[PDB]
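Asks: I have a structure here, written as C-alpha cells, and I will follow up with some questions on it.
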Amino acid sequence: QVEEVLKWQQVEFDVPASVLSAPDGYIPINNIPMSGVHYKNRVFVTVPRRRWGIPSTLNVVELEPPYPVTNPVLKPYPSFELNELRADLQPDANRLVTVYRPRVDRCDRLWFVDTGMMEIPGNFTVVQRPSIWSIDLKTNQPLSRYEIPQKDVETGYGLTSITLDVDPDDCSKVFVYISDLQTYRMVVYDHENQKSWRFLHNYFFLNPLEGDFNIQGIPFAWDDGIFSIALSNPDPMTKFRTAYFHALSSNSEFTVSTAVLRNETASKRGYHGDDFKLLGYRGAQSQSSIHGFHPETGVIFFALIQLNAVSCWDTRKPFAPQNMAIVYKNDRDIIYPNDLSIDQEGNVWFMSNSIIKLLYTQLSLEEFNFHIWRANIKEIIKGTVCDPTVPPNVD
Amino acid sequence: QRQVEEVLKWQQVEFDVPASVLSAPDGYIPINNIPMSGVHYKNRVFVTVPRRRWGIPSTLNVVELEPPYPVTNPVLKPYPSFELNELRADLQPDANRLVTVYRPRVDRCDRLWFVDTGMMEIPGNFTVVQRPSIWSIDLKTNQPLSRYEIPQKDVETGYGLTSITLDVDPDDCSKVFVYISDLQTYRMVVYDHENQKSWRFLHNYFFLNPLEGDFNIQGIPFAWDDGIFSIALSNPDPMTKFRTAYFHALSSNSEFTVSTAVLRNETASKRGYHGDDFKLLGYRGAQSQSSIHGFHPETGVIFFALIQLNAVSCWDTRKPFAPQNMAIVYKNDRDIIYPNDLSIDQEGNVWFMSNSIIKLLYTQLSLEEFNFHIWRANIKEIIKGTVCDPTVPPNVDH
Amino acid sequence: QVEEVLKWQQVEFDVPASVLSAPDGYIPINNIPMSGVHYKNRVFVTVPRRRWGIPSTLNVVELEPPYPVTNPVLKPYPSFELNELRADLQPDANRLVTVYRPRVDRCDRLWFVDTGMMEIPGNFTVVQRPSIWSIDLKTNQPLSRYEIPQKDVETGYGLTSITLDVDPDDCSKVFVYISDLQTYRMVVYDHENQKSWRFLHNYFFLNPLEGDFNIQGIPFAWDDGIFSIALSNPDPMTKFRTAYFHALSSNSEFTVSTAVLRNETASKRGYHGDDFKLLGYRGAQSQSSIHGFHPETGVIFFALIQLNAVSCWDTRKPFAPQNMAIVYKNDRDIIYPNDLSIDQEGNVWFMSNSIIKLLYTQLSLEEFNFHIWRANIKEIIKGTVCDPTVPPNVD
Amino acid sequence: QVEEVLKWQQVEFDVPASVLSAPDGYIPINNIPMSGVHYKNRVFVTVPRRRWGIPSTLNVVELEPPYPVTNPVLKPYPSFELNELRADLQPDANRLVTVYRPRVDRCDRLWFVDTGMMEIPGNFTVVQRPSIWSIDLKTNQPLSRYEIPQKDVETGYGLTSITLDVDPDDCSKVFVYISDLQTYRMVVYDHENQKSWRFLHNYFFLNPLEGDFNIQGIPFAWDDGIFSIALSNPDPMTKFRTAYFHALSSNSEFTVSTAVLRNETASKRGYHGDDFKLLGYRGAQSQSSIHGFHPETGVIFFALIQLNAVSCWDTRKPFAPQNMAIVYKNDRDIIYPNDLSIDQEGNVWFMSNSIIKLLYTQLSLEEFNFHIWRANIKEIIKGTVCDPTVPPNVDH
Ligand SMILES: *[C@@H]1O[C@H](CO[C@@H]2O[C@@H](C)[C@@H](O)[C@@H](O)[C@@H]2O)[C@@H](O)[C@H](O[C@@H]2O[C@H](CO)[C@@H](O[C@@H]3O[C@@H](C)[C@@H](O)[C@@H](O)[C@@H]3O)[C@H](O)[C@H]2NC(C)=O)[C@H]1NC(C)=O
Ligand SMILES: *[C@@H]1O[C@H](CO)[C@@H](O[C@H]2O[C@H](CO)[C@@H](O)[C@H](O)[C@@H]2O)[C@H](O)[C@H]1NC(C)=O
Ligand SMILES: *[C@@H]1O[C@H](CO[C@@H]2O[C@@H](C)[C@@H](O)[C@@H](O)[C@@H]2O)[C@@H](O)[C@H](O)[C@H]1NC(C)=O
Ligand SMILES: *[C@H]1O[C@H](CO)[C@@H](O)[C@H](O)[C@H]1NC(C)=O
Ligand SMILES: NCCc1ccc(O)c(O)c1
Ligand SMILES: NCCc1ccc(O)c(O)c1
Ligand SMILES: NCCc1ccc(O)c(O)c1
Ligand SMILES: NCCc1ccc(O)c(O)c1
Ligand SMILES: [Ca+2]
Ligand SMILES: [Ca+2]
Ligand SMILES: [Ca+2]
Ligand SMILES: [Ca+2]
Ligand SMILES: [Ca+2]
Ligand SMILES: [Ca+2]
Ligand SMILES: [Ca+2]
C-alpha cells in the first residue's frame with residue numbers, strides 16, 4: 001500500500017573523476033539529501049551544501065522497477081556546469097549554490113530556491129543572494145530566475161521550503177510562498193510582475209513548550225518557525241485560497257487567505273489584525289515538518305516528526321486529532337521526515353534522511369539512511385477518516 | 001452571575017383584556033398560560049403565549065418596563081391589539097388575526113417579526129385554524145406592515161415553526177430574508193421579503209442525534225425528538241457579502257454551519273443532494289444541548305442557552321469551536337429549568353428566559369412559586385476577560 | 001457456497017396482453033423489484049408501485065436449475081385479480097396496491113403489508129389504508145387481512161419492512177413488528193386479538209452524520225430511520241426475545257425486549273426510559289439495510305449498503321466490528337442490498353436491485369440490474385468469527 | 001497608599017543651551033523616559049536614544065516635596081561629558097550612547113548597560129559595542145566598564161533589561177543577567193573574572209497567541225521575548241538563586257537555577273535538557289513587562305501590560321492566578337508599564353511612559369505622559385494573598 005521507491009546507504013554522483021579525486025571534492029557522510037520529488041519517471045534529489053565536499057546541490061534520478069531502487073547515482077540537474085561550485089566563491093547568476101525543497105507544478109515546471117548560502121558549521125559562507133528558479137521539465141532548460149532583494153530577505157538562511165500558487169486558467173499567473181523558519185517570515189514572490197514582499201507575524205514563531213523532541217532515543221530542541229504552507233482549492237466565488245501553515249516546533253495549525261499574501265501593501269503593515277487565524281490543535285507530539293494539500297480529494301498530509309509517521313486530514317471535517325488518521329508509521333526507517341510532496345499523478349511522496357543521527361550522533365554509511373516512499377492518495381485514505389465519504393468522529 | 005439582572009418574573013400570567021373574556025368558561029386558565037418568549041425594544045418587552053392548550057386569551061403581548069426590578073407579575077397587554085389576538089369560536093381562517101405566536105425577533109429597522117403558526121397544539125385535539133404566516137410590525141406606529149401566508153409547498157401546517165432568524169441587509173432595509181427553524185418536520189423554510197417568495201430546505205443535519213436526546217432537569221427525566229431549533233447569523237463577509245448560519249438541533253451536542261448564499265438560493269433548495277454545503281462545526285460539549293442561541297454583531301460572540309446545564313454559555317466565533325474556547329456566563333439550577341428563549345437586542349444586551357415548561361408537562365406546576373423568569377446581561381461586560389472576549393486569545397489542550 | 005439464483009435485465013409479467021398493450025400499462029424502467037423470499041423452493045418477488053406502469057406488486061417465480069435463471073417472467077400472486085390496479089383508484093379490500101418485503105414463517109404462511117399508497121414523484125396517491133396480510137402457502141388462499149387504524153399510522157408511507165414473532169408452540173399466537181423509516185416509528189400488530197399499537201422513540205431516527213453514501217461513484221443522502229428488526233430465540237427463562245433494530249442511516253444497532261413491544265400500555269407512554277438500549281457501533285461505513293437472525297446458529301446477517309457486502313455476527317459474542325465477518329462482498333453486482341431474509345431451509349437470501357442508478361443516474365436494460373443470491377448459513381460461517389464454537393477476537 | 005512621585009508632560013534637560021540649540025539636538029516628543037530607579041532621595045531617569053534629539057541618555061532627579069514633582073528637569077548623570085553624543089558618532093569608551101533600565105544594588109552602586117546603539121526608525125546606528133557599567137553612588141565616579149564581546153552578543157540591540165546577582169557577603173562577587181528580547185537570549189556577565197557568555201533557549205521566545213495587545217483602544221502585536229528576570233534569595237551556603245524569567249509576549253513564567261546561568265560550560269551546550277523549567281500560567285491577559293523580587297517578603301511584583309496594573313505573588317505559594325493579587329490599577333495613567341524596580345528601602349517602584357501613543361498614535365505634550373509611582377511593599381500586601389501570613393487560595 002505504501003512502497004519504498006528509493007533508498008541510499010550513501011550518495012554517489014555521476015560526475016568526472018576529476019571532482020572525486022580532488023581533495024575535499026566529495027565527502028560521502030557530508031552528502032545528506034533533503035528533498036525527493038517526482039515527475040514522470042524522474043525523481044529530483046537535492047543535497048544542500050551544509051558541509052564541504054558536495055559536488056552537486058540539484059540532482060535527478062531515473063525510475064525503473066523493481067522498487068526499492070538501491071543506491072541510485074545522482075545525475076547533476078539540469079547540468080553539472082550549473083551545479084559546479086566556484087573556487088573563488090563569487091556571485092554568478094548561472095550557478096546553483098544550495099537548493100533545498102523543489103516543487104513541481106501542472107505546467108511541467110520545476111520551482112526551487114537557491115539560497116546562495118552554505119551553512120557550514122563554523123564558516124557560514126554567503127556566496128550570493130537567494131534566487132527563485134523555474135525549469136522547463138520538457139526541455140530541461142531554465143525558464144526564469146529572480147534574485148530576492150535585501151528588503152525581503154537578508155541572506156536566505158532559512159529559505160528551505162516553497163509553496164506554488166498557479167492560476168488554474170492562465171499558467172503564466174504564478175505566486176510563490178517561501179517559508180523562512182530561521183528569520184520567522186514568509187517571502188511572497190509575484191512571478192508575473194517580478195516583484196516580491198515579506199510577511200512578518202507572531203504565528204510564524206514556534207511554541208516554546210512544543211520544541212523538544214526525542215527521536216531514536218536522541219533528545220534535542222529546535223527553535224524553528226514557519227516551515228510549511230499548504231494551499232486549498234480556489235474558492236468558487238472569491239477565487240482565493242486558504243493557506244494552511246505551521247511552525248516546525250508547534251502542535252498548532254494556522255490559516256490565512258492568499259488574498260492577504262497576494263497583497264503587497266498588506267505586507268508592509270505593522271499590525272495584520274485578524275487576517276491570520278488559528279485553525280486548532282493537531283495533537284500531542286504532532287509537530288509536523290512538511291505537509292501538502294491534495295486538490296482532488298482535499299486531504300492534507302502531514303509529515304509527523306516525533307511520531308515518525310505520516311497522517312492525513314480531510315479539510316471538510318473539523319480540525320481535530322480524532323478527525324485525523326495515521327496512514328503510515330515507521331519508527332525504524334523514518335527518523336526525520338525531511339520532505340513531503342504531492343505529485344501530478346495523485347500520489348503522496350515523503351522522505352527520511354536520518355539528519356538527527358548526523359547532528360547528535362554518528363551516521364553509519366553501512367545502514368540505509370535515506371528513504372523515499374510513495375502511496376496512492378485515494379487508496380491510502382479509502383477506509384480512514386480522511387476519506388471525504390466517511391463522516392467525522394463524534395468524540 | 002454577579003452582573004446579570006432578573007427583569008421580569010411571574011408565578012402566574014394574567015391579561016389586561018375585557019372581563020367578558022376572562023369571566024367566560026375556558027376563556028382563561030391560569031396554568032395553561034406559558035410564555036415562550038421575552039424580547040426587548042426601547043422601554044418595553046414583548047412576551048408571547050402560544051396556545052398549546054385552552055384558556056389562552058392572547059398569544060402576542062407586550063409589557064412596559066418600570067422599576068423596581070424585577071417586575072413582579074406584570075399584566076400582559078395584547079399586542080398590537082386584542083382584536084388581532086382574539087381567537088374565533090368558529091375557528092375559521094382569519095387573515096387579520098393571530099392564532100399562535102412563538103418567538104418574535106426585533107430588527108434594527110424598528111420592526112417586530114414573528115410567525116403565526118395558525119395551529120393550536122392542544123394535547124388530544126390538534127387544531128389547524130389557518131396556514132402559517134410571517135408578520136412585520138412597525139414598532140413606532142404599532143401598525144402591521146406586511147403579512148405573508150406560507151404556501152403548502154414549503155410547510156404543511158407550521159407545527160414546528162417556533163423559531164425565526166432575521167437577515168436584514170446592512171445597506172438597505174427593504175431587502176430582508178427570514179430563516180424559520182422547523183424542529184418538528186426537520187426542515188428550514190426560507191422567506192424572501194422583497195420578492196414575497198419562500199422555499200424549503202431538507203437536510204440530515206436538521207435532525208436530532210438519537211443518543212443526545214435525553215434530559216434530566218430538576219430530577220425530572222424526559223426525552224425529546226426535536227431537530228433544528230435555532231439559527232445564528234454572523235456578520236456579512238467583506239468580500240462576498242454573505243453570512244455564516246450557525247444552526248443546531250435541540251437534541252444534539254453538535255453545531256453546524258452553512259452560507260446564506262446557499263439558503264438564499266431557491267434553485268439549491270429543490271436539490272435532493274446539497275453536497276458539502278452544510279458542514280459540521282464541531283462538538284459543543286457534554287450535556288451541552290442548546291435551545292436558542294444568538295450572535296452579537298459588535299463582539300462577534302454567540303450566546304447559547306444550555307438546557308441540561310441550566311446555564312448560558314458564550315463563544316467567540318473567531319476562535320476555533322471547542323469546549324475550552326467557551327465559557328459559562330450564567331448558571332442557575334434553581335430558577336433556570338428550561339431556557340425557552342435567548343435573544344440579542346439593539347442595546348448590546350443578551351436576554352434569556354426560563355418558563356419551567358418541564359414542570360407543567362411531566363410534574364405539577366405550582367402558582368405559589370415563581371415559574372417564569374426574564375434576565376438581562378450586558379454582553380461586552382459579561383465577556384470582558386473571559387475566553388469569549390475577542391481581545392483574549394484562545395486556549396489549547398496542552 | 002454463495003450462488004446467484006435469479007437475475008434480471010428487466011422484469012416482465014405473465015399477464016393478459018390487453019394490460020401490456022394498454023396506454024402506459026407497463027414501462028420497463030419503472031418496475032424495480034424490492035424483495036426476493038424463498039419458501040418450499042418458490043421465490044416471491046415484489047415490485048412496489050413507486051411509478052406508473054407496474055401491472056402487479058406481488059409476484060412469484062418457480063425455481064428450476066440450472067442457476068442462475070435468466071430473466072424469469074414474474075407470475076402475479078396469489079392472482080392477477082388481486083394485483084390488478086383499479087382505474088377509479090378507490091379503496092378495495094380484496095386488492096393489492098403496493099407490497100414491499102414479505103416474510104415467511106414456520107407455519108407455512110406468507111406475511112406482507114399492503115401500504116395502499118403509491119409514491120409517484122409528482123403525485124403521491126394514497127389509494128387505501130395500509131393492510132397486513134396472511135397467505136396460506138399450501139393452498140395459495142388468503143388467510144387474514146387487518147387494516148391498520150389511523151391511531152397507529154397515518155398513511156403507511158414507510159411501512160416497507162416486517163418482522164414475524166410466532167410462538168414456538170401455537171401458530172395462532174403471532175405478533176408482527178413493522179418498521180416505518182419515514183415517520184420514524186414501529187407499528188406492533190397483535191394477530192390473535194386483532195389489535196395494534198405504535199411506538200415512538202428517538203432511536204428510530206437516523207444519525208445525521210451517518211446518512212451520506214457513495215455507491216458506484218454515485219453520491220446521495222437518505223433520511224431514512226428504523227428500517228429492519230431481527231428477533232432472537234426466546235429466553236429459556238422468561239420466553240421473551242431481544243429485538244435487534246437499526247436505522248438505515250446509522251452505524252449503530254439497538255435492542256429492546258419483545259416484552260416491551262408486546263405491551264400496549266407501554267405504547268401509550270411519552271417516555272420509555274431505560275427500556276430501549278444501544279447495542280454498540282457496527283463499524284465505519286457499516287450502515288445496514290435489512291438484517292436477519294438465524295434461530296439455529298444464533299447469527300445475525302447484515303446487508304451492508306456502503307460496503308456492498310453481507311456480514312454476520314454471533315449474538316453470543318460482544319457486539320463489535322472485530323467480532324463481525326464479511327461473508328460476501330461484490331462491488332460489481334451488489335450496488336444496494338434491498339432485501340435480506342432467512343428461509344426455513346437454513347439459507348441466507350439477499351438481493352440487489354440497482355435502485356440508486358434509477359434515482360440519480362440512468363438504468364440500462366441491456367445490463368443485469370437485479371440479482372438474488374442464496375448461501376448456506378452453517379457452511380458460510382464455518383471458518384469465521386461468526387462460528388459459535390470459535391472464540392471472540394475481542395472480549 | 002500608592003503615591004505618584006514624578007510626572008512629566010515632556011522631558012527637559014539641564015544642559016548648556018548650545019546643545020539644545022544644536023541642529024536636531026533636542027526634539028521634545030522624541031525624548032521618552034524608559035526607567036525610573038530610586039536611591040537615597042534620588043531617581044535615575046533614562047532616555048534611550050531610539051530617535052534623534054536626545055541630549056542625555058542617563059539622568060538623575062533630586063527628590064524633594066511636595067509630591068508629585070511636576071516636570072522635574074533631568075540632570076545628566078554622572079555628568080554631561082559622558083552623556084554628550086559625539087557628532088562624528090565614532091566609538092568612545094568614555095561616552096554613554098543608549099541606556100535603558102539601570103539597577104541599584106545593596107553596595108551603593110548603579111549598574112546599567114550602554115547598548116552603544118541607536119535604534120532609529122529607518123537607520124539603526126551602531127555607534128559602539130555594548131558595555132556594562134557600574135557607578136559608585138557615593139562618589140558618583142564610574143567603577144568598572146566591561147565591553148561585551150561579539151562572541152556573546154551581536155550589537156546589543158535588545159539589551160534593555162538587567163538583573164543583579166550580588167553575593168550577600170562580598171560586594172566584589174557579582175553576576176549580571178541581561179535579557180535580550182530581540183535576539184531571544186540571555187547574556188551572563190562575570191564581574192569578578194571579567195568574562196561573559198550567552199544562553200539560547202526556546203523559553204526565551206514569545207508565545208505566538210499571547211502577543212496581541214489592546215491598550216487605550218490601540219491594537220498592536222509584539223514579538224518580544226525574554227524581557228525580565230527576577231532572583232529569589234540565595235541558598236545559605238551554595239549561594240545559588242532561582243531565576244524567575246518571562247517573555248514580554250507571554251502569560252507564562254519560567255525558572256532556572258543560577259547554578260546553570262553561572263556555568264559557562266553549560267552555555268555552550270546545544271541542548272540544556274530540563275535545566276530550564278516552566279513555572280506555570282500567570283493568567284489571562286497577564287502579560288508582564290518588568291517584575292522584581294523583594295528579599296524580605298519574598299514577593300514578586302509584576303508589571304501587567306494589558307491590565308494596566310501591578311500584581312504581586314508570594315514565591316512560597318503555588319504559582320496560579322488566584323494566588324496573585326492586583327495591588328494597583330490605573331487605566332487612565334498606566335498605558336505601558338515600562339519599568340518596575342525594588343529599592344533598598346522596601347518600596348516597589350513602577351513607571352508608565354505612554355510609549356504606544358508615540359508609536360501608533362499622537363503624543364500630546366500638554367498631557368502628563370510620563371508617571372512614576374512608589375509603594376511600601378509590606379504595607380501594600382498587608383491584607384492580600386501576597387502576605388506570607390495569609391494562606392494560599394488554592395493547593396494547585
Ligand atoms: C491590502 O491591504 C492593505 C492593508 O491592509 C488592510 O488594512 C488593515 C488595517 C486591515 O483592514 C486589513 O484587513 C487590510 O488588508 C489595504 O490598503 C488594502 O485595503 C484595505 O482594506 C481595509 C479593510 O478594512 C480598509 O481599511 C480602511 O482604512 C483603514 C485605515 C481604516 O480607516 C479602516 O476603517 C478602513 O476600512 C481599506 O480598504 C484598506 N486599508 C488600508 C489601511 O489602506 C488591501 N487591499 C485591498 C484590495 O483591499
Ligand atoms: C444556486 O445553486 C446552484 C446549484 O446547482 C448553483 O449552481 C452551480 O454553480 C456552478 C457554476 O456557477 C455549476 O458548475 C454547478 O451547476 C453548481 O451547482 C448556483 O450557482 C447557485 N446560484 C447562486 C448564484 O447562488
Ligand atoms: C573556514 O574555511 C577555511 C577554508 O578551507 C577550505 O575551504 C574549502 C575550499 C574546503 O575545501 C575546505 O575543506 C578547505 O579546508 C577552512 O580552512 C577553515 O578551517 C574554516 N574554518 C572553520 C572554523 O570551519
Ligand atoms: C556545568 O557546566 C557543564 C555543563 O553541564 C558541566 O560539565 C559542569 O560540571 C557544570 N558545573 C560545573 C562548573 O561543575
Ligand atoms: N535543521 C536544524 C535547524 C535549526 C534547529 C534549531 C535551531 O536552534 C537552529 O538555530 C537551527
Ligand atoms: N417542546 C416539546 C417539543 C416536542 C418534543 C418531543 C416530541 O416528540 C414532540 O412531538 C414535540
Ligand atoms: N430509500 C428511499 C426512501 C427515501 C430515501 C431518502 C429520503 O430522503 C426519502 O424521503 C426517502
Ligand atoms: N517596542 C517593542 C519592541 C518590538 C516589539 C515588536 C516587534 O515586532 C519589534 O520588532 C520590536
Ligand atoms: Ca510516475
Ligand atoms: Ca533555528
Ligand atoms: Ca431599554
Ligand atoms: Ca418533536
Ligand atoms: Ca430450497
Ligand atoms: Ca425518508
Ligand atoms: Ca521584537
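By order of appearance in the C-alpha cells: chains A, B, ..., then residues from 1 within every chain, and ligands from 1 in the order shown.
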As a quick test: using only C-alpha atoms and all ligand atoms, which residues lie no more than 12 Å away from ligand 13? Give them as a CSV table (one decimal) with N, CA and C atoms, in the first residue's frame.
Replies:
```csv
chain,number,residue,atom,x,y,z
C,5,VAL,N,-29.0,-17.0,-7.8
C,5,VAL,CA,-30.2,-17.9,-8.2
C,5,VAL,C,-31.0,-17.2,-9.3
C,37,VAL,N,-37.9,-13.7,-1.6
C,37,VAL,CA,-38.0,-14.6,-0.5
C,37,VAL,C,-38.1,-16.1,-1.0
C,38,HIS,N,-37.7,-17.0,-0.2
C,38,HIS,CA,-37.7,-18.4,-0.5
C,38,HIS,C,-38.6,-19.2,0.4
C,39,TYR,N,-39.6,-20.0,-0.2
C,39,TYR,CA,-40.5,-20.9,0.5
C,39,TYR,C,-40.7,-22.1,-0.3
C,40,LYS,N,-40.4,-23.3,0.2
C,40,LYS,CA,-40.7,-24.6,-0.4
C,40,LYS,C,-40.2,-24.5,-1.8
C,41,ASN,N,-39.0,-24.0,-2.1
C,41,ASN,CA,-38.5,-23.9,-3.4
C,41,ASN,C,-39.4,-23.1,-4.3
C,42,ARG,N,-39.8,-21.9,-3.9
C,42,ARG,CA,-40.5,-20.9,-4.6
C,42,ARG,C,-39.9,-19.5,-4.2
C,43,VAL,N,-40.0,-18.6,-5.1
C,43,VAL,CA,-39.4,-17.2,-4.8
C,43,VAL,C,-40.5,-16.2,-5.1
C,62,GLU,N,-41.0,-19.7,-10.1
C,62,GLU,CA,-40.7,-21.1,-9.9
C,62,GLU,C,-39.3,-21.4,-10.1
C,63,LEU,N,-38.6,-22.1,-9.1
C,63,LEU,CA,-37.2,-22.3,-9.2
C,63,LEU,C,-37.0,-23.7,-10.0
C,64,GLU,N,-36.1,-23.6,-11.0
C,64,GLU,CA,-35.7,-24.8,-11.7
C,64,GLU,C,-34.3,-24.6,-12.3
C,65,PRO,N,-33.4,-25.5,-11.9
C,65,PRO,CA,-32.0,-25.4,-12.5
C,65,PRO,C,-31.9,-25.4,-14.0
C,342,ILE,N,-34.0,-14.9,5.8
C,342,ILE,CA,-33.5,-16.3,6.2
C,342,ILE,C,-34.7,-17.3,6.1
C,343,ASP,N,-34.6,-18.2,5.1
C,343,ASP,CA,-35.6,-19.1,4.8
C,343,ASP,C,-35.7,-20.2,5.9
C,344,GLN,N,-36.6,-21.2,5.7
C,344,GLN,CA,-36.8,-22.2,6.7
C,344,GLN,C,-35.8,-23.4,6.4
C,345,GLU,N,-35.0,-23.2,5.4
C,345,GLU,CA,-34.1,-24.3,5.0
C,345,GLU,C,-32.7,-24.1,5.4
C,346,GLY,N,-32.4,-23.0,6.2
C,346,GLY,CA,-31.1,-22.7,6.8
C,346,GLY,C,-30.2,-22.1,5.7
C,347,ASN,N,-30.8,-21.1,4.9
C,347,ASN,CA,-30.1,-20.4,3.9
C,347,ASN,C,-30.3,-18.9,4.2
C,348,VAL,N,-29.4,-18.1,3.8
C,348,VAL,CA,-29.5,-16.6,3.9
C,348,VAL,C,-29.6,-16.1,2.5
C,349,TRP,N,-30.7,-15.3,2.2
C,349,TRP,CA,-31.0,-14.8,0.9
C,349,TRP,C,-30.8,-13.3,0.9
C,373,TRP,N,-29.3,-13.8,-4.4
C,373,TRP,CA,-28.3,-14.8,-4.0
C,373,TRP,C,-28.8,-15.7,-2.9
C,374,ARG,N,-28.3,-16.9,-2.7
C,374,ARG,CA,-28.5,-17.7,-1.6
C,374,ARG,C,-27.2,-18.3,-1.1
C,375,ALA,N,-27.1,-18.6,0.2
C,375,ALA,CA,-25.9,-19.1,0.9
C,375,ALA,C,-26.3,-20.0,2.1
C,376,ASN,N,-25.7,-21.1,2.2
C,376,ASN,CA,-25.8,-22.0,3.3
C,376,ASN,C,-25.2,-21.3,4.5
```
Asks: Mind listing the residues within 9 Å of ligand 14, only C-alpha atoms and all ligand atoms counted, as a PyMOL selection string?
Replies: chain C and resi 158+181-184+222-225
Asks: Dump N, CA and C atoms for the selected residues as a tab-separated table (two decimals), in the first residue's frame?
Replies:
```
chain	number	residue	atom	x	y	z
C	158	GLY	N	-44.03	4.54	4.90
C	158	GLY	CA	-42.73	3.96	5.19
C	158	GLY	C	-42.81	2.54	5.74
C	181	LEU	N	-39.73	3.76	8.28
C	181	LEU	CA	-38.49	4.50	8.13
C	181	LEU	C	-38.78	5.94	7.70
C	182	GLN	N	-40.06	6.25	7.48
C	182	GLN	CA	-40.47	7.58	7.05
C	182	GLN	C	-40.96	8.40	8.24
C	183	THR	N	-41.88	7.82	9.03
C	183	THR	CA	-42.46	8.53	10.16
C	183	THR	C	-41.64	8.26	11.42
C	184	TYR	N	-40.67	7.34	11.33
C	184	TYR	CA	-39.75	7.04	12.42
C	184	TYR	C	-40.52	6.43	13.58
C	222	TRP	N	-29.68	9.89	2.49
C	222	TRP	CA	-31.02	9.45	2.85
C	222	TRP	C	-31.32	9.74	4.31
C	223	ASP	N	-32.58	10.10	4.58
C	223	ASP	CA	-33.02	10.48	5.91
C	223	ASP	C	-33.88	9.37	6.51
C	224	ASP	N	-33.63	8.13	6.10
C	224	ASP	CA	-34.49	7.01	6.47
C	224	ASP	C	-34.11	6.53	7.86
C	225	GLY	N	-35.13	6.19	8.66
C	225	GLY	CA	-34.95	5.80	10.05
C	225	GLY	C	-35.00	4.28	10.22
```
Asks: Please find the residues contacting ligand 4 at a distance of at most 10 Å between atoms, with only C-alpha atoms and all ligand atoms counted, and report them as a PyMOL selection string.
Replies: chain D and resi 259-269+271-273+275
Asks: Write the selection just made, keeping N, CA and C atoms, as a JSON list (two decimals), in the first residue's frame?
Replies:
```json
[["chain", "number", "residue", "atom", "x", "y", "z"],
["D", 259, "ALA", "N", 22.88, 28.35, 39.28],
["D", 259, "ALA", "CA", 23.92, 27.35, 39.16],
["D", 259, "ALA", "C", 24.16, 27.02, 37.69],
["D", 260, "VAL", "N", 23.09, 27.14, 36.88],
["D", 260, "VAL", "CA", 23.16, 26.89, 35.45],
["D", 260, "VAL", "C", 23.70, 28.14, 34.74],
["D", 261, "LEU", "N", 23.16, 29.31, 35.10],
["D", 261, "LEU", "CA", 23.49, 30.55, 34.41],
["D", 261, "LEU", "C", 24.94, 30.94, 34.69],
["D", 262, "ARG", "N", 25.45, 30.56, 35.88],
["D", 262, "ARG", "CA", 26.79, 30.91, 36.31],
["D", 262, "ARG", "C", 27.79, 29.89, 35.74],
["D", 263, "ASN", "N", 27.29, 29.02, 34.86],
["D", 263, "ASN", "CA", 28.06, 27.90, 34.35],
["D", 263, "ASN", "C", 28.35, 28.12, 32.87],
["D", 264, "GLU", "N", 29.57, 28.59, 32.57],
["D", 264, "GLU", "CA", 29.94, 28.99, 31.22],
["D", 264, "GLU", "C", 29.91, 27.77, 30.29],
["D", 265, "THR", "N", 30.25, 26.60, 30.84],
["D", 265, "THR", "CA", 30.33, 25.38, 30.05],
["D", 265, "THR", "C", 28.92, 24.99, 29.61],
["D", 266, "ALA", "N", 27.94, 25.30, 30.46],
["D", 266, "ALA", "CA", 26.55, 24.94, 30.21],
["D", 266, "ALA", "C", 25.93, 25.84, 29.15],
["D", 267, "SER", "N", 26.55, 27.01, 28.92],
["D", 267, "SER", "CA", 26.04, 27.97, 27.96],
["D", 267, "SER", "C", 26.35, 27.52, 26.54],
["D", 268, "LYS", "N", 27.44, 26.77, 26.39],
["D", 268, "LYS", "CA", 27.93, 26.39, 25.08],
["D", 268, "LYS", "C", 27.26, 25.11, 24.60],
["D", 269, "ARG", "N", 26.29, 24.61, 25.40],
["D", 269, "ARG", "CA", 25.56, 23.41, 25.04],
["D", 269, "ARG", "C", 24.56, 23.74, 23.93],
["D", 271, "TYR", "N", 21.92, 21.63, 23.81],
["D", 271, "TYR", "CA", 20.73, 21.13, 24.46],
["D", 271, "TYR", "C", 20.92, 21.23, 25.97],
["D", 272, "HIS", "N", 20.06, 22.02, 26.62],
["D", 272, "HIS", "CA", 20.19, 22.32, 28.04],
["D", 272, "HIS", "C", 19.37, 21.33, 28.88],
["D", 273, "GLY", "N", 18.55, 20.51, 28.21],
["D", 273, "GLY", "CA", 17.79, 19.48, 28.90],
["D", 273, "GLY", "C", 16.66, 20.08, 29.73],
["D", 275, "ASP", "N", 17.00, 21.80, 32.50],
["D", 275, "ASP", "CA", 17.61, 22.77, 33.39],
["D", 275, "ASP", "C", 16.69, 23.98, 33.51]]
```
Asks: Leaving out stretch 17-29 of chain B and any residue of its chain fewer than 2 positions from it, which residues lie within 7 Å of it when counting only C-alpha atoms, given as a short mmCIF file (atom, residue, chain, number, x, y, z; two decimals) with N, CA, C and O atoms, in the first residue's frame?
Replies:
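Saved file result-v3.cif follows:
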```
data_model
loop_
_atom_site.label_atom_id
_atom_site.label_comp_id
_atom_site.auth_asym_id
_atom_site.auth_seq_id
_atom_site.Cartn_x
_atom_site.Cartn_y
_atom_site.Cartn_z
N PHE B 15 -53.93 38.77 32.05
CA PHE B 15 -54.05 39.58 30.85
C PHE B 15 -54.92 40.81 31.13
O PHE B 15 -55.91 40.72 31.85
N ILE B 31 -53.01 27.94 34.58
CA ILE B 31 -51.86 27.06 34.49
C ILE B 31 -51.51 26.80 33.03
O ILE B 31 -50.43 26.28 32.74
N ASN B 32 -52.43 27.12 32.11
CA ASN B 32 -52.24 26.81 30.70
C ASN B 32 -51.39 27.89 30.03
O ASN B 32 -50.72 27.63 29.03
N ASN B 33 -51.38 29.10 30.61
CA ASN B 33 -50.66 30.22 30.03
C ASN B 33 -49.17 30.09 30.33
O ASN B 33 -48.74 30.38 31.45
N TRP B 54 -55.96 25.15 26.04
CA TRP B 54 -57.14 26.04 26.02
C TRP B 54 -56.97 27.16 27.05
O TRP B 54 -56.01 27.09 27.84
N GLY B 55 -57.86 28.15 27.05
CA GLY B 55 -57.80 29.23 28.05
C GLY B 55 -56.64 30.16 27.80
O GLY B 55 -56.11 30.71 28.79
N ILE B 56 -56.23 30.34 26.54
CA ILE B 56 -55.15 31.31 26.20
C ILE B 56 -55.80 32.55 25.57
O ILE B 56 -56.03 32.53 24.34
N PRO B 57 -56.10 33.62 26.33
CA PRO B 57 -56.81 34.82 25.80
C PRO B 57 -56.07 35.43 24.62
O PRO B 57 -56.72 35.73 23.59
#
```
